[PDB]
$ cat start-v1.txt   # compact mmCIF, C-alpha atoms and all ligand atoms
# COMPACT_ATOMS: atom_id res chain seq x y z
CA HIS A 4 -3.30 12.77 -16.05
CA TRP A 5 -5.03 10.62 -13.42
CA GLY A 6 -5.27 11.70 -9.79
CA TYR A 7 -7.68 11.90 -6.86
CA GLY A 8 -9.73 15.01 -7.82
CA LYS A 9 -13.32 15.57 -8.99
CA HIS A 10 -12.29 15.56 -12.63
CA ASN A 11 -9.53 12.91 -12.64
CA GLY A 12 -10.17 10.73 -9.59
CA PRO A 13 -11.21 7.12 -9.16
CA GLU A 14 -14.53 7.43 -10.96
CA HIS A 15 -12.70 8.61 -14.13
CA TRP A 16 -9.88 6.07 -14.19
CA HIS A 17 -11.81 3.49 -16.25
CA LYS A 18 -11.59 5.75 -19.31
CA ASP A 19 -7.82 5.34 -19.61
CA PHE A 20 -7.64 2.04 -17.76
CA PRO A 21 -10.72 -0.07 -18.57
CA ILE A 22 -9.58 -2.84 -16.17
CA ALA A 23 -10.87 -0.42 -13.49
CA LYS A 24 -14.19 -2.25 -13.98
CA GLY A 25 -12.55 -5.66 -13.93
CA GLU A 26 -13.27 -8.82 -11.99
CA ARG A 27 -10.49 -8.55 -9.40
CA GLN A 28 -10.10 -4.87 -8.48
CA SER A 29 -8.79 -3.53 -5.20
CA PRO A 30 -9.32 -2.33 -2.54
CA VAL A 31 -12.35 -4.08 -1.12
CA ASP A 32 -14.34 -4.00 2.07
CA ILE A 33 -13.27 -6.89 4.27
CA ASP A 34 -16.45 -8.26 5.79
CA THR A 35 -14.91 -10.04 8.77
CA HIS A 36 -17.95 -12.17 9.40
CA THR A 37 -17.94 -13.53 5.83
CA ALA A 38 -14.20 -14.10 5.49
CA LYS A 39 -13.37 -17.83 5.64
CA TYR A 40 -10.84 -19.03 8.22
CA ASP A 41 -8.48 -21.18 6.26
CA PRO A 42 -6.48 -23.54 8.55
CA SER A 43 -4.30 -24.52 5.59
CA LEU A 44 -2.83 -20.95 5.31
CA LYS A 45 0.76 -20.63 6.55
CA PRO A 46 1.99 -17.95 8.96
CA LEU A 47 3.36 -15.18 6.85
CA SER A 48 7.17 -15.12 6.78
CA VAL A 49 8.32 -11.49 6.76
CA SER A 50 12.13 -11.47 6.49
CA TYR A 51 13.28 -7.84 6.53
CA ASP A 52 16.63 -8.18 8.40
CA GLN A 53 18.80 -7.19 5.41
CA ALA A 54 16.54 -4.58 3.80
CA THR A 55 18.44 -1.75 2.06
CA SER A 56 16.38 1.41 1.57
CA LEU A 57 17.74 3.79 -1.10
CA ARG A 58 15.60 6.84 -1.79
CA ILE A 59 12.32 8.50 -0.90
CA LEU A 60 10.32 10.39 -3.55
CA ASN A 61 7.06 12.28 -3.96
CA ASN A 62 5.54 11.01 -7.23
CA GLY A 63 2.55 13.34 -7.15
CA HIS A 64 0.31 10.56 -5.90
CA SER A 65 1.98 9.35 -2.67
CA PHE A 66 5.44 9.23 -1.29
CA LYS A 67 7.44 6.08 -1.72
CA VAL A 68 10.53 4.58 -0.13
CA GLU A 69 12.39 2.51 -2.66
CA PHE A 70 14.63 -0.46 -1.75
CA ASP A 71 17.63 -2.15 -3.46
CA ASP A 72 15.84 -5.33 -4.66
CA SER A 73 18.74 -6.57 -6.80
CA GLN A 74 19.54 -9.42 -4.32
CA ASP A 75 17.29 -11.66 -2.14
CA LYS A 76 17.26 -9.37 0.88
CA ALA A 77 13.89 -8.27 2.35
CA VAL A 78 11.45 -11.00 1.37
CA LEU A 79 7.90 -12.13 2.00
CA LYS A 80 6.92 -15.77 1.76
CA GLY A 81 4.51 -18.34 3.17
CA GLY A 82 0.98 -17.24 3.96
CA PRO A 83 -1.03 -17.74 0.75
CA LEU A 84 2.09 -17.26 -1.39
CA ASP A 85 3.85 -19.87 -3.49
CA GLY A 86 7.51 -18.99 -3.80
CA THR A 87 9.52 -15.86 -2.74
CA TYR A 88 8.49 -12.23 -3.08
CA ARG A 89 11.03 -9.47 -2.74
CA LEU A 90 10.32 -6.07 -1.15
CA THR A 91 10.76 -3.24 -3.70
CA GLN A 92 9.05 -0.21 -2.07
CA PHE A 93 6.50 1.00 0.41
CA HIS A 94 4.13 3.94 0.31
CA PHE A 95 1.00 5.12 2.06
CA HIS A 96 -2.53 6.31 1.36
CA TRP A 97 -4.16 8.73 3.80
CA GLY A 98 -7.02 11.11 4.40
CA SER A 99 -7.78 14.76 4.99
CA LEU A 100 -9.34 13.72 8.35
CA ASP A 101 -8.56 10.90 10.76
CA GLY A 102 -11.90 9.19 9.86
CA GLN A 103 -10.81 8.31 6.30
CA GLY A 104 -7.70 7.50 4.35
CA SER A 105 -7.44 3.72 4.12
CA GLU A 106 -8.14 1.89 0.87
CA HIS A 107 -9.28 -1.36 2.36
CA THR A 108 -12.05 -1.12 4.94
CA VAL A 109 -13.02 -3.60 7.67
CA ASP A 110 -16.74 -4.01 8.18
CA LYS A 111 -16.99 -0.62 6.36
CA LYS A 112 -14.63 0.99 8.91
CA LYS A 113 -12.09 3.36 7.33
CA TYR A 114 -8.73 3.87 9.04
CA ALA A 115 -6.71 7.10 8.95
CA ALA A 116 -4.14 5.66 6.53
CA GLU A 117 -2.86 2.44 4.98
CA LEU A 118 0.72 1.34 4.45
CA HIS A 119 1.48 -0.82 1.39
CA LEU A 120 4.69 -2.87 1.36
CA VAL A 121 5.07 -3.96 -2.27
CA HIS A 122 6.85 -7.19 -3.17
CA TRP A 123 7.40 -8.95 -6.52
CA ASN A 124 7.49 -12.66 -7.26
CA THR A 125 11.16 -13.59 -7.90
CA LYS A 127 10.11 -16.16 -10.54
CA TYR A 128 9.49 -13.14 -12.84
CA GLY A 129 12.93 -11.64 -12.46
CA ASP A 130 11.94 -7.98 -12.01
CA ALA A 131 9.08 -5.93 -10.63
CA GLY A 132 8.02 -4.66 -14.08
CA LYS A 133 7.58 -8.11 -15.58
CA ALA A 134 5.98 -9.32 -12.35
CA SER A 135 3.27 -6.62 -12.63
CA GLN A 136 2.15 -8.31 -15.90
CA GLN A 137 1.40 -11.61 -14.16
CA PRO A 138 -1.67 -12.67 -12.18
CA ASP A 139 0.55 -13.79 -9.22
CA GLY A 140 3.24 -11.17 -9.83
CA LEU A 141 2.98 -8.97 -6.76
CA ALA A 142 2.19 -9.39 -3.10
CA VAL A 143 1.22 -6.26 -1.20
CA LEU A 144 1.25 -6.32 2.58
CA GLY A 145 -1.31 -3.80 3.76
CA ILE A 146 -1.25 -2.38 7.25
CA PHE A 147 -3.85 0.01 8.65
CA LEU A 148 -2.90 3.13 10.60
CA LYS A 149 -5.05 4.59 13.34
CA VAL A 150 -4.32 7.79 15.17
CA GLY A 151 -3.25 7.48 18.82
CA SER A 152 0.24 6.95 20.22
CA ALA A 153 3.20 7.65 17.90
CA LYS A 154 4.95 4.92 15.97
CA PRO A 155 8.66 5.52 16.78
CA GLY A 156 9.73 3.55 13.68
CA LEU A 157 7.84 5.94 11.42
CA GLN A 158 9.53 9.10 12.68
CA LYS A 159 12.55 8.88 10.36
CA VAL A 160 10.13 8.91 7.42
CA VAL A 161 8.01 11.78 8.79
CA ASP A 162 11.03 13.94 9.43
CA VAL A 163 12.33 13.86 5.81
CA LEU A 164 8.94 14.70 4.22
CA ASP A 165 9.63 18.46 4.28
CA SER A 166 12.46 17.74 1.81
CA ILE A 167 10.14 16.02 -0.70
CA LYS A 168 7.19 18.39 -0.39
CA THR A 169 6.25 18.58 -4.10
CA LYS A 170 5.77 16.25 -7.07
CA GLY A 171 9.05 15.15 -8.54
CA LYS A 172 11.20 15.73 -5.49
CA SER A 173 13.37 12.97 -4.19
CA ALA A 174 16.04 12.40 -1.52
CA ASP A 175 18.60 9.82 -0.37
CA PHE A 176 17.04 7.65 2.29
CA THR A 177 19.31 4.89 3.52
CA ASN A 178 19.29 2.57 6.48
CA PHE A 179 15.53 2.69 7.08
CA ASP A 180 14.28 -0.44 8.81
CA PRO A 181 10.73 -1.37 7.72
CA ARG A 182 10.40 -3.78 10.62
CA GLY A 183 9.64 -0.65 12.69
CA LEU A 184 6.32 -0.25 10.78
CA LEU A 185 4.87 -3.68 11.62
CA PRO A 186 2.28 -4.47 14.33
CA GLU A 187 2.77 -7.27 16.85
CA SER A 188 0.51 -9.77 15.16
CA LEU A 189 0.87 -11.10 11.61
CA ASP A 190 -2.74 -12.36 11.53
CA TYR A 191 -4.15 -11.44 8.12
CA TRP A 192 -6.83 -11.56 5.49
CA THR A 193 -5.91 -12.39 1.91
CA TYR A 194 -7.62 -12.19 -1.48
CA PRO A 195 -6.68 -11.83 -5.18
CA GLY A 196 -6.83 -8.26 -6.43
CA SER A 197 -5.20 -5.42 -8.25
CA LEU A 198 -3.04 -2.35 -8.04
CA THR A 199 -5.15 0.37 -6.42
CA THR A 200 -3.84 3.09 -8.74
CA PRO A 201 -3.56 3.18 -12.55
CA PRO A 202 -2.65 1.08 -14.38
CA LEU A 203 -4.82 -1.05 -12.03
CA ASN A 204 -3.22 -4.30 -13.17
CA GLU A 205 -4.83 -7.45 -11.72
CA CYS A 206 -1.49 -8.77 -10.51
CA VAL A 207 -1.68 -8.58 -6.69
CA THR A 208 -2.12 -11.11 -3.91
CA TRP A 209 -3.31 -8.85 -1.13
CA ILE A 210 -2.30 -9.69 2.46
CA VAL A 211 -3.99 -7.23 4.84
CA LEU A 212 -2.99 -7.40 8.50
CA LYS A 213 -5.75 -7.42 11.05
CA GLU A 214 -3.88 -5.42 13.67
CA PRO A 215 -3.47 -1.69 12.86
CA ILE A 216 -0.42 0.28 13.90
CA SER A 217 -0.94 3.47 15.86
CA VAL A 218 0.61 6.71 14.66
CA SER A 219 0.32 10.07 16.32
CA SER A 220 -1.76 12.98 15.10
CA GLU A 221 1.52 14.88 14.55
CA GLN A 222 2.90 12.12 12.33
CA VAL A 223 -0.17 12.02 10.09
CA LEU A 224 -0.34 15.84 10.03
CA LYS A 225 3.09 15.69 8.39
CA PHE A 226 1.78 13.40 5.64
CA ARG A 227 -0.96 15.98 4.97
CA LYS A 228 1.59 18.73 4.44
CA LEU A 229 2.82 17.05 1.22
CA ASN A 230 1.60 18.45 -2.13
CA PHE A 231 0.16 16.80 -5.21
CA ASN A 232 1.36 19.67 -7.40
CA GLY A 233 4.89 20.36 -8.50
CA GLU A 234 6.97 23.32 -7.11
CA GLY A 235 5.66 26.49 -8.80
CA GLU A 236 2.05 25.23 -9.40
CA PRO A 237 -1.09 26.18 -7.37
CA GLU A 238 -0.78 24.28 -4.03
CA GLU A 239 -3.06 21.25 -3.63
CA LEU A 240 -2.32 19.30 -0.45
CA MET A 241 -1.73 15.61 -0.87
CA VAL A 242 -4.66 14.21 1.10
CA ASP A 243 -7.40 11.67 0.24
CA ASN A 244 -5.09 9.71 -2.07
CA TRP A 245 -7.15 6.53 -1.60
CA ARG A 246 -9.34 4.55 -3.99
CA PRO A 247 -12.67 3.53 -2.46
CA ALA A 248 -13.72 -0.08 -2.04
CA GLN A 249 -14.52 -1.90 -5.29
CA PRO A 250 -16.95 -4.76 -5.95
CA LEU A 251 -15.82 -8.07 -4.54
CA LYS A 252 -17.47 -9.90 -7.50
CA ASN A 253 -16.63 -13.58 -7.53
CA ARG A 254 -13.98 -13.52 -4.73
CA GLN A 255 -13.60 -15.01 -1.25
CA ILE A 256 -11.50 -13.33 1.33
CA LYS A 257 -9.64 -15.85 3.50
CA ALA A 258 -8.53 -15.30 7.11
CA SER A 259 -5.38 -16.78 8.69
CA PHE A 260 -7.02 -16.68 12.12
CA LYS A 261 -9.97 -17.44 14.41
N1 LIG A 301 -1.34 0.92 -4.14
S1 LIG A 301 -0.71 -0.49 -4.60
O1 LIG A 301 0.17 -1.01 -3.58
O2 LIG A 301 -1.73 -1.34 -5.15
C1 LIG A 301 0.36 -0.24 -6.04
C2 LIG A 301 1.63 -0.78 -6.12
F1 LIG A 301 2.19 -1.48 -5.09
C3 LIG A 301 2.40 -0.55 -7.27
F2 LIG A 301 3.61 -1.11 -7.21
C4 LIG A 301 1.92 0.16 -8.38
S2 LIG A 301 2.98 0.34 -9.79
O3 LIG A 301 2.17 0.92 -10.84
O4 LIG A 301 3.32 -1.09 -10.23
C5 LIG A 301 4.44 1.38 -9.62
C6 LIG A 301 4.50 2.00 -8.19
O5 LIG A 301 4.24 3.41 -8.04
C7 LIG A 301 0.65 0.68 -8.29
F3 LIG A 301 0.09 1.33 -9.32
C8 LIG A 301 -0.10 0.47 -7.15
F4 LIG A 301 -1.36 0.95 -7.13
ZN ZN A 302 -0.88 1.57 -2.34
$ encode --input "start-v1.txt" --output "structure tokens" --more "lines below"
Ligand SMILES: NS(=O)(=O)c1c(F)c(F)c(S(=O)(=O)CCO)c(F)c1F
Ligand SMILES: [Zn+2]
Amino acid sequence: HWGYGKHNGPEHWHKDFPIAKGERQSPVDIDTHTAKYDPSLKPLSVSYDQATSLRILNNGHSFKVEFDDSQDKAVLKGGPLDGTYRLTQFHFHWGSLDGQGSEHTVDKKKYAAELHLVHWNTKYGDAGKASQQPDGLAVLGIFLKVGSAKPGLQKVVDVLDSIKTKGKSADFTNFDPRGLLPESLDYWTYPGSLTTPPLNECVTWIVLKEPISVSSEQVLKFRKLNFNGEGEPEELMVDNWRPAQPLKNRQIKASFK
């Protein structure tokens, strides 16, 4: 199957998923000088007060916290979005070293990791149908740099030993994703894609300018996860990021400056 290795990583994905070479692939480098300040963009409304986390799993690519998105709870709106997008899950991408790991880059700078909070447009009824639409998903991306710990991340870090290998899952209730957000909601936005197969061009990307800081111990715990299932040769889950893709005919818009 697809993965992040020499023989099945990003440079191979186009063979099963030809949209890999499409016109709106993600991630991209955000060239801050070239991004257009758009005074008509709205502040982003992030309304996470009633979020209900359910489960955390290791899917062999990342780990993901899934939410109960069966009611209009945790929702994203405003910004570049028309309508209401409901939070369904978050997951991360990270590196083998603190100098790489993010998917998006800023002026070619790579962060240690990137958090993706995945939301689907309610007009499409469910996440699966939304992923078939050009405005189906909105992913809020947040960079992680290594420095002081993020207290709101610790609950996640501490359960990872229970989901070490592909296929493992656990109950994971009462997790508040507000504890993963930076102070500022200033952002860049552009039309793009899923960053893993099937690479659907269904995402409005909203990438926050302000990174969150996590400690070296917290990110070390991410790197202790495994790509492999229990019983198979151990391959640490690190460098699960797709590199920047061609911007092609897109403009990245800034909510600030
Ligand atoms: N990294 S990303 O945020 O772009 C992203 C998603 F948010 C995403 F939802 C999918 S998915 O394929 O729709 C199922 C989730 O594992 C993805 F495949 C995917 F790549
Ligand atoms: Zn992602």
$ closest_residue --input "start-v1.txt" --among "A:184, A:251, A:60, A:54" --to "residue A:171" --atoms "all atoms listed in the file"
A:60
$ closest_atom_pairs --input "start-v1.txt" --of "chain A" --to "ligand ZN 302 (chain A)" --cutoff "9 Å" --atoms "all atoms listed in the file" --output "Markdown table"
| residue | atom | partner | partner_atom | distance |
| --- | --- | --- | --- | --- |
| A:65 | CA | A:ZN302 | ZN | 8.3 |
| A:93 | CA | A:ZN302 | ZN | 7.9 |
| A:94 | CA | A:ZN302 | ZN | 6.1 |
| A:95 | CA | A:ZN302 | ZN | 6.0 |
| A:96 | CA | A:ZN302 | ZN | 6.2 |
| A:106 | CA | A:ZN302 | ZN | 7.9 |
| A:117 | CA | A:ZN302 | ZN | 7.6 |
| A:118 | CA | A:ZN302 | ZN | 7.0 |
| A:119 | CA | A:ZN302 | ZN | 5.0 |
| A:120 | CA | A:ZN302 | ZN | 8.0 |
| A:121 | CA | A:ZN302 | ZN | 8.1 |
| A:143 | CA | A:ZN302 | ZN | 8.2 |
| A:145 | CA | A:ZN302 | ZN | 8.1 |
| A:198 | CA | A:ZN302 | ZN | 7.2 |
| A:199 | CA | A:ZN302 | ZN | 6.0 |
| A:200 | CA | A:ZN302 | ZN | 7.2 |
| A:245 | CA | A:ZN302 | ZN | 8.0 |
$ residues_around --input "start-v1.txt" --residues "stretch 31-45 of chain A" --least-positions-apart "6" --cutoff "8 Å" --atoms "all atoms listed in the file" --output "PyMOL selection string"
chain A and resi 81-83+106-111+192+247-251+255-261
$ residues_around --input "start-v1.txt" --residues "residue A:139" --least-positions-apart "6" --cutoff "12 Å" --atoms "all atoms listed in the file" --output "PDB file with C-alpha atoms, in the frame of the given file"
ATOM      1  CA  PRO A  83      -1.030 -17.740   0.750  1.00  0.00           C
ATOM      2  CA  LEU A  84       2.090 -17.260  -1.390  1.00  0.00           C
ATOM      3  CA  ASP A  85       3.850 -19.870  -3.490  1.00  0.00           C
ATOM      4  CA  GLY A  86       7.510 -18.990  -3.800  1.00  0.00           C
ATOM      5  CA  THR A  87       9.520 -15.860  -2.740  1.00  0.00           C
ATOM      6  CA  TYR A  88       8.490 -12.230  -3.080  1.00  0.00           C
ATOM      7  CA  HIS A 122       6.850  -7.190  -3.170  1.00  0.00           C
ATOM      8  CA  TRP A 123       7.400  -8.950  -6.520  1.00  0.00           C
ATOM      9  CA  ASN A 124       7.490 -12.660  -7.260  1.00  0.00           C
ATOM     10  CA  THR A 125      11.160 -13.590  -7.900  1.00  0.00           C
ATOM     11  CA  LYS A 127      10.110 -16.160 -10.540  1.00  0.00           C
ATOM     12  CA  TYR A 128       9.490 -13.140 -12.840  1.00  0.00           C
ATOM     13  CA  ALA A 131       9.080  -5.930 -10.630  1.00  0.00           C
ATOM     14  CA  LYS A 133       7.580  -8.110 -15.580  1.00  0.00           C
ATOM     15  CA  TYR A 194      -7.620 -12.190  -1.480  1.00  0.00           C
ATOM     16  CA  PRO A 195      -6.680 -11.830  -5.180  1.00  0.00           C
ATOM     17  CA  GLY A 196      -6.830  -8.260  -6.430  1.00  0.00           C
ATOM     18  CA  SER A 197      -5.200  -5.420  -8.250  1.00  0.00           C
ATOM     19  CA  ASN A 204      -3.220  -4.300 -13.170  1.00  0.00           C
ATOM     20  CA  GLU A 205      -4.830  -7.450 -11.720  1.00  0.00           C
ATOM     21  CA  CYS A 206      -1.490  -8.770 -10.510  1.00  0.00           C
ATOM     22  CA  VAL A 207      -1.680  -8.580  -6.690  1.00  0.00           C
ATOM     23  CA  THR A 208      -2.120 -11.110  -3.910  1.00  0.00           C
ATOM     24  CA  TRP A 209      -3.310  -8.850  -1.130  1.00  0.00           C
TER      25      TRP A 209
END
$ closest_residue --input "start-v1.txt" --among "A:29, A:91, A:241, A:77" --to "residue A:13" --atoms "all atoms listed in the file"
A:29
$ decode --input "start-v1.txt" --residues "stretch 231-245 of chain A" --atoms "N, CA, C and O atoms" --output "PDB file, in the first residue's frame"
ATOM      1  N   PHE A 231       4.784   2.659  12.345  1.00  0.00           N
ATOM      2  CA  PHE A 231       4.035   2.447  11.111  1.00  0.00           C
ATOM      3  C   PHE A 231       3.467   1.033  10.977  1.00  0.00           C
ATOM      4  O   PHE A 231       2.374   0.853  10.449  1.00  0.00           O
ATOM      5  N   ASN A 232       4.230   0.059  11.473  1.00  0.00           N
ATOM      6  CA  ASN A 232       3.990  -1.349  11.248  1.00  0.00           C
ATOM      7  C   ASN A 232       2.895  -1.777  12.211  1.00  0.00           C
ATOM      8  O   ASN A 232       2.679  -1.117  13.250  1.00  0.00           O
ATOM      9  N   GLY A 233       2.248  -2.905  11.908  1.00  0.00           N
ATOM     10  CA  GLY A 233       1.431  -3.533  12.933  1.00  0.00           C
ATOM     11  C   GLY A 233       2.283  -4.315  13.947  1.00  0.00           C
ATOM     12  O   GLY A 233       3.450  -4.649  13.653  1.00  0.00           O
ATOM     13  N   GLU A 234       1.656  -4.660  15.103  1.00  0.00           N
ATOM     14  CA  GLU A 234       2.198  -5.521  16.172  1.00  0.00           C
ATOM     15  C   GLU A 234       2.542  -6.894  15.600  1.00  0.00           C
ATOM     16  O   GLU A 234       1.726  -7.485  14.889  1.00  0.00           O
ATOM     17  N   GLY A 235       3.808  -7.300  15.759  1.00  0.00           N
ATOM     18  CA  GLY A 235       4.325  -8.525  15.162  1.00  0.00           C
ATOM     19  C   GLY A 235       5.231  -8.307  13.945  1.00  0.00           C
ATOM     20  O   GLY A 235       5.960  -9.235  13.619  1.00  0.00           O
ATOM     21  N   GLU A 236       5.183  -7.119  13.281  1.00  0.00           N
ATOM     22  CA  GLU A 236       5.950  -6.915  12.044  1.00  0.00           C
ATOM     23  C   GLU A 236       7.242  -6.162  12.349  1.00  0.00           C
ATOM     24  O   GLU A 236       7.341  -5.534  13.416  1.00  0.00           O
ATOM     25  N   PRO A 237       8.288  -6.214  11.473  1.00  0.00           N
ATOM     26  CA  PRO A 237       9.537  -5.512  11.784  1.00  0.00           C
ATOM     27  C   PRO A 237       9.152  -4.070  12.161  1.00  0.00           C
ATOM     28  O   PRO A 237       8.250  -3.424  11.563  1.00  0.00           O
ATOM     29  N   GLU A 238       9.774  -3.542  13.218  1.00  0.00           N
ATOM     30  CA  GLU A 238       9.498  -2.183  13.720  1.00  0.00           C
ATOM     31  C   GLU A 238      10.049  -1.116  12.771  1.00  0.00           C
ATOM     32  O   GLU A 238      11.251  -1.166  12.444  1.00  0.00           O
ATOM     33  N   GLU A 239       9.171  -0.182  12.356  1.00  0.00           N
ATOM     34  CA  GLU A 239       9.533   0.979  11.593  1.00  0.00           C
ATOM     35  C   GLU A 239       8.876   2.154  12.322  1.00  0.00           C
ATOM     36  O   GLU A 239       7.654   2.259  12.370  1.00  0.00           O
ATOM     37  N   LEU A 240       9.675   3.020  12.952  1.00  0.00           N
ATOM     38  CA  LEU A 240       9.099   4.130  13.684  1.00  0.00           C
ATOM     39  C   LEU A 240       8.294   5.048  12.763  1.00  0.00           C
ATOM     40  O   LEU A 240       8.725   5.358  11.636  1.00  0.00           O
ATOM     41  N   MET A 241       7.196   5.543  13.340  1.00  0.00           N
ATOM     42  CA  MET A 241       6.367   6.470  12.589  1.00  0.00           C
ATOM     43  C   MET A 241       6.976   7.865  12.743  1.00  0.00           C
ATOM     44  O   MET A 241       6.769   8.592  13.740  1.00  0.00           O
ATOM     45  N   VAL A 242       7.770   8.223  11.722  1.00  0.00           N
ATOM     46  CA  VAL A 242       8.423   9.533  11.667  1.00  0.00           C
ATOM     47  C   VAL A 242       8.460   9.903  10.191  1.00  0.00           C
ATOM     48  O   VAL A 242       8.390   9.032   9.330  1.00  0.00           O
ATOM     49  N   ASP A 243       8.515  11.202   9.898  1.00  0.00           N
ATOM     50  CA  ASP A 243       8.579  11.714   8.520  1.00  0.00           C
ATOM     51  C   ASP A 243       7.354  11.250   7.740  1.00  0.00           C
ATOM     52  O   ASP A 243       7.443  10.888   6.552  1.00  0.00           O
ATOM     53  N   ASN A 244       6.182  11.420   8.376  1.00  0.00           N
ATOM     54  CA  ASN A 244       4.896  11.142   7.731  1.00  0.00           C
ATOM     55  C   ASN A 244       4.295  12.407   7.127  1.00  0.00           C
ATOM     56  O   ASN A 244       3.126  12.703   7.369  1.00  0.00           O
ATOM     57  N   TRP A 245       5.098  13.140   6.370  1.00  0.00           N
ATOM     58  CA  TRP A 245       4.708  14.399   5.748  1.00  0.00           C
ATOM     59  C   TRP A 245       4.950  14.292   4.253  1.00  0.00           C
ATOM     60  O   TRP A 245       5.911  13.681   3.781  1.00  0.00           O
TER      61      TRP A 245
END
